[PDB]
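K.L.:
Protein chains in written order, with the deposited numbering: chain B, 9 to 159; chain F, 11 to 157; chain E, 8 to 159; chain C, 9 to 159; chain D, 8 to 159; chain A, 8 to 159. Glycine included, C-beta positions come from ideal geometry on N, C-alpha and C. What follows is a single structure, and I will ask about it in a moment.
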Amino acid sequence: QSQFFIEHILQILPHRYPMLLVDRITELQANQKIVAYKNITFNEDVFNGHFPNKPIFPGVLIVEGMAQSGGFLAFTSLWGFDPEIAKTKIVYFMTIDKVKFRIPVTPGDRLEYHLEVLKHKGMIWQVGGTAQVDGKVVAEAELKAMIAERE
Amino acid sequence: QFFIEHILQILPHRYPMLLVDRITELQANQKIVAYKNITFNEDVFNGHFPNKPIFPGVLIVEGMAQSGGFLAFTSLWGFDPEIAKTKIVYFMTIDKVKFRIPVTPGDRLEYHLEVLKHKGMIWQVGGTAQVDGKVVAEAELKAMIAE
Amino acid sequence: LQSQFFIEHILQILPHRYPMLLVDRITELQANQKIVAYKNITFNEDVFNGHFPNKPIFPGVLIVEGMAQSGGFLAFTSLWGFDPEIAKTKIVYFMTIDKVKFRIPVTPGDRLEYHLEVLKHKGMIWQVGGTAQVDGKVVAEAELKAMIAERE
Amino acid sequence: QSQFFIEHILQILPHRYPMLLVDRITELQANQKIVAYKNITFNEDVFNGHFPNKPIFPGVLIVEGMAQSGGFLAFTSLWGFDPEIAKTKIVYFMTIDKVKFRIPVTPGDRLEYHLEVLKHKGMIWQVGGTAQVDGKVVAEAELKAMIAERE
Amino acid sequence: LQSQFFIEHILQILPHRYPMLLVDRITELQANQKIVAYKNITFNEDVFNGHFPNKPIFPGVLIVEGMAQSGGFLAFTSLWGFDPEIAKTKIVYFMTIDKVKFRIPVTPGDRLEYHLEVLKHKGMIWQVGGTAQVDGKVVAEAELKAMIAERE
Amino acid sequence: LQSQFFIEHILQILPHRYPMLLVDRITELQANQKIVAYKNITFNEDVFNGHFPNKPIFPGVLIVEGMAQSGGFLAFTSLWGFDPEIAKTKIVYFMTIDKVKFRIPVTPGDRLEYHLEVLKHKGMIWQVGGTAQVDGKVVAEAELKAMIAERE
Ligand SMILES: O=C(N/N=C/c1cc(Br)c(O)c(Br)c1O)c1cccnc1
Ligand SMILES: O=C(N/N=C/c1cc(Br)c(O)c(Br)c1O)c1cccnc1
Ligand SMILES: [Cl-]
Ligand SMILES: [Cl-]
Ligand SMILES: [Cl-]
Ligand SMILES: [Cl-]
Ligand SMILES: [Cl-]
Ligand SMILES: [Cl-]
Numbered sequence: 009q010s011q012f013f014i015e016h017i018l019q020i021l022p023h024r025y026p027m028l029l030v031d032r033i034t035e036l037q038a039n040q041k042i043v044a045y046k047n048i049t050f051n052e053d054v055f056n057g058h059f060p061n062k063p064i065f066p067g068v069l070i071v072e073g074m075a076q077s078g079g080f081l082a083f084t085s086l087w088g089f090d091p092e093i094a095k096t097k098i099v100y101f102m103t104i105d106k107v108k109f110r111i112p113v114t115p116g117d118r119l120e121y122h123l124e125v126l127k128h129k130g131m132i133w134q135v136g137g138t139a140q141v142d143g144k145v146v147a148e149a150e151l152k153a154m155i156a157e158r159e
Numbered sequence: 011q012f013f014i015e016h017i018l019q020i021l022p023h024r025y026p027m028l029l030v031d032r033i034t035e036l037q038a039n040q041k042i043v044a045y046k047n048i049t050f051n052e053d054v055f056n057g058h059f060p061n062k063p064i065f066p067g068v069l070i071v072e073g074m075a076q077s078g079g080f081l082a083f084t085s086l087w088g089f090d091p092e093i094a095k096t097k098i099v100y101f102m103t104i105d106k107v108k109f110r111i112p113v114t115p116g117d118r119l120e121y122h123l124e125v126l127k128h129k130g131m132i133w134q135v136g137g138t139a140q141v142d143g144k145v146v147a148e149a150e151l152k153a154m155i156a157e
Numbered sequence: 008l009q010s011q012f013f014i015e016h017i018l019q020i021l022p023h024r025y026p027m028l029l030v031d032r033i034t035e036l037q038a039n040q041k042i043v044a045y046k047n048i049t050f051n052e053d054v055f056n057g058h059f060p061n062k063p064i065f066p067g068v069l070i071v072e073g074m075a076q077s078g079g080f081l082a083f084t085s086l087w088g089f090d091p092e093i094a095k096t097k098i099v100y101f102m103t104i105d106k107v108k109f110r111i112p113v114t115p116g117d118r119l120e121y122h123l124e125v126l127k128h129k130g131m132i133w134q135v136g137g138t139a140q141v142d143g144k145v146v147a148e149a150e151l152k153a154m155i156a157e158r159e
Numbered sequence: 009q010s011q012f013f014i015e016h017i018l019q020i021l022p023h024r025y026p027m028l029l030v031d032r033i034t035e036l037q038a039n040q041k042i043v044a045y046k047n048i049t050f051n052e053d054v055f056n057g058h059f060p061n062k063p064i065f066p067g068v069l070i071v072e073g074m075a076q077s078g079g080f081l082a083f084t085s086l087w088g089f090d091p092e093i094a095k096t097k098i099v100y101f102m103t104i105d106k107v108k109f110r111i112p113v114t115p116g117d118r119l120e121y122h123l124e125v126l127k128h129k130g131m132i133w134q135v136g137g138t139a140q141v142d143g144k145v146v147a148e149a150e151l152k153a154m155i156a157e158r159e
Numbered sequence: 008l009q010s011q012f013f014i015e016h017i018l019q020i021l022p023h024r025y026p027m028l029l030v031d032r033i034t035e036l037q038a039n040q041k042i043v044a045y046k047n048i049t050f051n052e053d054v055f056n057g058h059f060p061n062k063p064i065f066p067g068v069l070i071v072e073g074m075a076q077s078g079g080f081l082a083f084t085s086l087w088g089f090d091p092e093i094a095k096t097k098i099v100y101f102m103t104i105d106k107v108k109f110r111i112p113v114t115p116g117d118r119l120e121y122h123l124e125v126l127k128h129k130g131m132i133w134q135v136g137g138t139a140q141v142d143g144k145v146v147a148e149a150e151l152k153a154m155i156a157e158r159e
Numbered sequence: 008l009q010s011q012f013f014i015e016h017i018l019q020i021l022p023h024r025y026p027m028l029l030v031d032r033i034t035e036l037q038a039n040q041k042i043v044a045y046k047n048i049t050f051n052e053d054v055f056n057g058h059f060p061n062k063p064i065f066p067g068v069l070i071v072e073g074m075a076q077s078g079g080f081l082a083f084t085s086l087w088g089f090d091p092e093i094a095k096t097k098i099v100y101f102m103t104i105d106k107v108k109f110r111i112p113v114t115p116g117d118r119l120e121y122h123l124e125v126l127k128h129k130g131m132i133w134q135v136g137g138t139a140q141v142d143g144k145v146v147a148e149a150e151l152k153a154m155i156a157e158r159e
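As C-alpha cells, this is what we get:
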C-alpha cells in the first residue's frame with residue numbers, strides 16, 4: 009500500500025510514546041521516496057519545557073521525525089508491510105548532516121516529512137529531504153541508516 | 011487568527027487539559043471556528059486504548075467547550091489578558107451530544123460553535139466537531155465563567 | 008456473579024488504562040440493572056497540572072467518563088460474566104451523552120461515587136443514567152449510551 | 009483553623025506534583041497532633057511501575073505523606089496559617105525510625121495520617137504516629153525534622 | 008552468577024517499572040552477603056517537578072526505596088540466581104524501616120551509590136543495612152526488612 | 008568568571024525546562040573557548056518508555072540537543088558572564104547541525120559528558136563542535152552553528 013495509519017506504523021516502528029514522532033504515511037514509493045507527517049499540538053509533554061510561555065517543537069525532534077520516516081521507507085522498501093520481519097530488524101542512524109532550521113514549528117502545525125533515497129547499498133541506506141509546514145520548507149537534513157538484525 | 015500564545019492569554023486551561031491549538035474564525039456573540047491537532051504523542055493515548063489509539067469522546071466535547079469559552083471571554087471583554095487571568099470556567103450542562111466517527115492520531119479536530127443563548131457569565135453554545143469536512147460529533151453545552 | 012470488585016478485577020474487565028481508567032472499586036453490582044462504584048480524587052493526578060493552576064478541579068467531562076466506564080463494567084459482566092479472556096479484546100465507544108448537569112465542583116480529597124442504572128440495553132448497546140456523588144450529595148447527573156465492540 | 013483543604017495545603021507546603029502527598033487536613037491541635045489524609049487512586053503515575061498488574065501504593069510514600077503532615081503540624085504550630093512566612097521556611101527531615109508496614113495500601117483506599125508531637129526542642133521536632141485505612145493501622149513510624157530558613 | 012548487571016538484567020529481575028525502578032546498574036554482588044549498585048540522578052526526572060520547584064532535591068524516602076530495590080536484587084539472585092522466569096512471578100514487599108539518617112542532600116548530577124549487606128535472611132524474608140553514597144561521602148544510612156512474595 | 012556550575016546556575020541561564028533541560032552540571036568552562044559538562048542518564052526518565060520498550064537507549068538527537076544547550080550556555084556566559092537577568096531576555100537557537108555521527112549507544116547508568124569547543128564566534132553568531140563521551144570514549148560527535156536571539 010501507499011497510505012498508512014498509526015496502527016500500521018505501530019507494527020513497523022519499535023518506537024512508542026513519547027518517542028514515536030510519525031502519525032500517518034501519505035505517500036510511499038519503494039526505493040524512492042516517502043511523504044509522512046506528524047501533527048503538532050499543545051497537548052504534548054515536550055512543550056512544558058520547550059519552552060514555558062513559548063511553545064516550540066524541538067528542531068532535533070523534527071530531525072528525529074525525518075529519521076523515523078526514512079527508516080520506515082528503507083524497511084518497507086526491502087520487506088514491505090511485514091510486522092513479523094519488523095521485529096527481527098533494527099534501523100538505527102549512523103550519521104546526520106546538512107541540517108538546516110528555517111522556520112519554527114508550533115502547535116497547530118502539520119509537520120510533513122519529505123525524504124527520498126539518495127543512495128543505498130546493502131543494508132546501508134542514505135536518505136534526505138525536508139520537513140514542511142503548509143508547503144513551505146521548515147527544515148532539511150540528510151541521514152544515513154544502518155539496517156541490522158535485532159538482538 | 012489567534013494562535014496558541016493568544017489562547018494561553020485568555021483560557022486558564024493548561025497542559026494536559028488545554029485542548030485548543032488555534033482559532034481560525036471568531037465573530038463576537040455569533041460563532042467561532044477552531045481546531046486541535048491530534049497526534050500519537052499525547053499521553054491520553056497510553057490508556058485510550060493501548061494498541062488502539064482513539065481520542066476520547068469526552069475530550070472532544072471538552073475541546074468544544076473551551077472553544078466556546080474563548081468566544082465567551084472575547085465577546086464579553088474582547089482580547090483582555092488582564093481580566094482573563096482572574097477567571098476560570100465551569101461546565102454547567104451538556105446535552106444532545108452524538109459521536110459519529112472516531113478521531114485518531116493524524117486528525118485535525120475542527121470545532122464549530124455558535125452561541126445559542128447567553129447572559130452574564132453563563133453561556134450556552136452548540137455545534138460540531140469535524141475532521142476533513144465531515145461531522146464526527148455534535149453537542150450542546152452551557153458553561154459559566156467566574157473569579 | 009459477584010457484587011464487589013477491586014482494582015485488580017476492574018483491570019481484567021475494562022480496556023481503559025492510565026491515564027484514562029477512572030474507576031477504582033465496585034461496591035455493588037446487580038446484573039442488567041445497576042452498579043455503584045467510585046474513584047478517589049487526589050491532588051497527585053496529572054490532570055490537575057492544568058485544570059487549573061492553583062485551583063484543582065476534577066474536570067466535568069472526566070466525571071462523565073468515569074460514569075460511562077462504570078456502566079461499561081456493568082454491561083460486560085452482565086453479558087459474559089466475569090471473563091477477562093473475552094474482555095481483553097473488547098473496546099468501548101461512546102455513542103451519545105444527554106441531560107448532564109454539574110451541581111458541585113469535585114476536588115482533591117473527594118470520593119467520587121458513581122451510581123448507574125440501566126435505562127435500556129440491546130446486545131452491545133447499553134444506555135445508562137444516574138449520578139456522581141460525594142459524601143451523599145449529587146455533584147452530577149448524566150445519561151449516556153455506549154457500545155461494546157471487538158477490537159477489529 | 010482545624011480543616012484546611014488542598015488550596016491551603018498548597019500555600020503552606022512547598023511540595024508540588026508529583027510529590028504533594030496530603031490532600032486535606034481534618035484535625036489540627038497546635039503543638040500536639042494532626043490528622044489528615046490522601047486519597048489513593050489508580051489514576052496516579054507511580055502505579056505505572058509499582059507494580060504493573062499489582063497496584064500498591066509504595067511504603068516509602070506513606071512515610072513521606074506522614075512526614076509531610078508532621079511538617080504541616082510543626083509549621084502551623086509556630087506561625088499558624090501564614091503563606092508569606094511559609095515561603096521562607098524549610099522543614100528538613102533528619103531521621104526516620106521504627107517503621108512497620110502491616111497492610112498494603114491500594115487504589116480506592118483513603119490513607120489517613122495520624123501524627124503527634126513526641127518532642128520539640130528549639131528547631132528540632134520529633135513526630136510519630138500511624139497511617140490508617142478504615143480505622144485499621146496500615147503503617148507506623150517516627151520522624152525527626154529540623155525547622156530552618158530557606159535560601 | 009555475574010557480579011555486574013546492567014539495566015537490561017535488572018528489568019528481568021526486579022518487578023519495578025517507571026517511575027519506580029530506582030536502580031540503574033549493579034557494580035558488585037556477593038550472594039547472601041552484600042551488594043553495590045547505583046542510580047544516576049538527573050534533572051530530567053518527573054519527580055523533580057514537585058520536589059521542589061526551583062531547587063531539585065532527590066527525596067530521601069526515594070533514596071531508601073532505592074536501597075531496598077538493591078537489596079531485593081541481591082535477595083533474589085541469591086536464592087534463584089539470574090532467573091527471569093521465576094522472578095516474573097513475584098514482587099518485593101517492604102516490612103520495616105529503621106535507623107535511617109539523611110546527612111547530605113542529593114541533587115541532579117549525583118551518582119547515588121547503594122551499599123547494602125545482609126544482616127539477616129530466612130526464606131523470602133531479607134534484612135539488609137547500609138548506606139547511600141555520593142563521591143565517597145555518606146549521604147544516607149538505613150536498615151530495612153523486605154519480603155519476596157508471589158503476585159498470586 | 009567561574010569554571011564550575013551546578014543545576015541551580017544552569018536553570019538561571021537556560022530557558023529549557025523539563026522534559027527538555029538536558030544538562031545537569033558544568034565541570035569546566037573557558038570563555039570563548041570551550042565547555043565540558045554532562046547529563047546523567049537514568050532509567051527513571053520518561054523518554055525510555057518509548058525508546059525503546061525492554062531496550063532503553065538515550066535518543067541520539069537528544070545527545071545533540073544536550074551538546075547544543077551546553078554550547079548555548081558557553082556562548083551566553085562568554086558574552087555576558089553569569090548574568091541571570093540578561094539571560095532571561097535572550098535565547099540561543101540552532102541554525103545548522105552538521106557532521107553528526109553516533110558511535111556507541113548511550114544507556115541508563117551512563118554519564119553523558121559534553122565536550123564543546125568554539126570553532127568561530129562573531130557577535131550573536133556562534134559555531135561550536137565537539138563530542139559526547141562516556142567513560143572517556145566518544146559516543147557521538149557534531150558541529151552546530153547557533154544564534155543568540157532576542158526572546159521577545
Ligand atoms: O513541609 C515542609 N517542608 N519543607 C521542606 C523543604 C526542604 C528543602 Br531541603 C527545601 O529546599 C525546601 Br523548598 C523545603 O520546603 C515545609 C516547608 C516550609 C514551610 N512549611 C512546610
Ligand atoms: O542499536 C542502536 N539503536 N537501537 C538499537 C536497538 C533497538 C531495539 Br528496539 C532493539 O531491540 C535492539 Br536489540 C537494538 O539494538 C544504536 C546503535 C549505535 C548507537 N546508538 C544506538
Ligand atoms: Cl529548536
Ligand atoms: Cl470514546
Ligand atoms: Cl469542569
Ligand atoms: Cl512497598
Ligand atoms: Cl527529602
Ligand atoms: Cl537513537
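1) Output yes if chain C places a C-beta closer than 7 Å to the C-beta of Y121 of chain E; else output no.
2) Cα-Cα, which of D:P22, D:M27, D:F101 and D:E148 is closest to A139 of chain D?
3) Check whether chain F comes within 7 Å of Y100 of chain B, counting only Cβ atoms and requiring the distance to be less than that.
4) Sort E:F89, E:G88 and E:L18 by Cα distance to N56 of chain C and report the nearest one.
5) For ligand 2, is there a heavy atom less than 6 Å away from the beta-carbon of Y100 of chain B?
6) When the Cα of residue 161 of chain E is compared with those of E:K62, E:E159, E:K127 and E:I70, which residue comes out closest?
7) When you compare only the Cα positions, how much space is there between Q11 of chain C and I104 of chain E?
8) Take every Cβ of the segment 42-53 of chain C, pair it with every Cβ of the segment 119-136 of chain C, and state whether three or more of those distances are shorter than 8 Å.
9) DSSP state of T34 of chain D, grouped into three classes?
10) Go to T103 of chain A, then tell me how far its beta strand (DSSP E) extends in each direction, as first and last residue.
11) Could you tell me which whole alpha helix (DSSP H) segments of length 4 or greater appear in the segment 41-93 of chain D?
12) Between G130 of chain A and ligand 8, is there a pair consisting of the residue's CB and a ligand heavy atom that are separated by less than 6 Å?
13) Considering only the beta carbon of each residue, do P66 of chain B and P115 of chain B sit closer than 7 Å?
14) Could you check whether the Cβ of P22 of chain C sits closer than 6 Å to any heavy atom belonging to ligand 1?
15) Can you pull the chain E residues whose beta carbon is under 7 Å from the beta carbon of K95 of chain F, in chain order?
16) Could you say which of D:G78, D:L21 and D:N51 lies nearest to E35 of chain D if we only look at CA atoms?
17) Measuring CB to CB, does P22 of chain A end up less than 7 Å from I98 of chain A?
18) Have a look at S85 of chain F and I132 of chain F and give me their C-alpha separation to the nearest angstrom.
19) Output the distance between the C-alpha atoms of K108 of chain A and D90 of chain A, rounded to the nearest integer angstrom.
20) How would you label residue 160 of chain F, buried or exposed, when you count the other beta carbons within 10 angstroms and need 16 or more for buried?
21) Could you list the residues in the segment 62-80 of chain B with a C-beta less than 8 Å from some C-beta on chain F, going in chain order?
22) Checking 7 Å against the spacing of the C-beta atoms, do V125 of chain B and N39 of chain B come in under that value?
23) What residue range does the alpha helix (DSSP H) around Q19 of chain A cover?
24) Just verifying my parser: in three-state terms, what is the DSSP assignment at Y121 of chain C?
25) Quick check on DSSP: helix, strand or coil for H23 of chain C?
26) With a cut-off of 7 Å, does the C-beta of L28 of chain D fall near any C-beta of chain C?
27) Which residue from B:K41, B:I14, B:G137 and B:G88 puts its Cα closest to that of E52 of chain F?
28) Can the beta-carbon of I20 of chain C be found less than 7 Å from the beta-carbon of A75 of chain C?
29) For the segment 33-51 of chain E, which residues have a beta carbon sitting closer than 9 Å to at least one beta carbon of chain C?
P.N.:
In short, the structure shows the following:
1) no
2) For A139 of chain D, the nearest C-alpha among the options comes from D:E148.
3) Cβ-Cβ to chain F under 7 Å: no for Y100 of chain B.
4) E:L18
5) Annotation for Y100 of chain B indicates a beta carbon within 6 Å of some heavy atom of ligand 2.
6) Not covered by the structure: residue 161 of chain E. The range shown for chain E is 8 to 159.
7) 37 Å
8) yes
9) Strand at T34 of chain D.
10) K97 to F109
11) Listed in chain order, the complete alpha helix (DSSP H) runs (minimum 4 residues) inside the segment 41-93 of chain D are 67-87.
12) Taking the Cβ of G130 of chain A as the reference point, every heavy atom of ligand 8 lies at 6 Å or farther away.
13) No.
14) yes
15) Near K95 of chain F there are no residues of chain E at all, since even the closest Cβ is about 10 Å away, more than 7 Å.
16) If we check each option's Cα against that of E35 of chain D, D:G78 comes out closest.
17) yes
18) 12 Å
19) 34 Å
20) What the structure shows of chain F is the stretch from 11 to 157, and residue 160 of chain F is not part of that stretch, so it cannot be assessed.
21) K62 and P63
22) yes
23) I14 to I20
24) strand
25) Reduced to three states, the DSSP call for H23 of chain C is coil.
26) Yes, contact with chain C.
27) Considering only alpha carbons, the answer is B:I14.
28) no
29) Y45, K46, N47, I48, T49, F50 and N51
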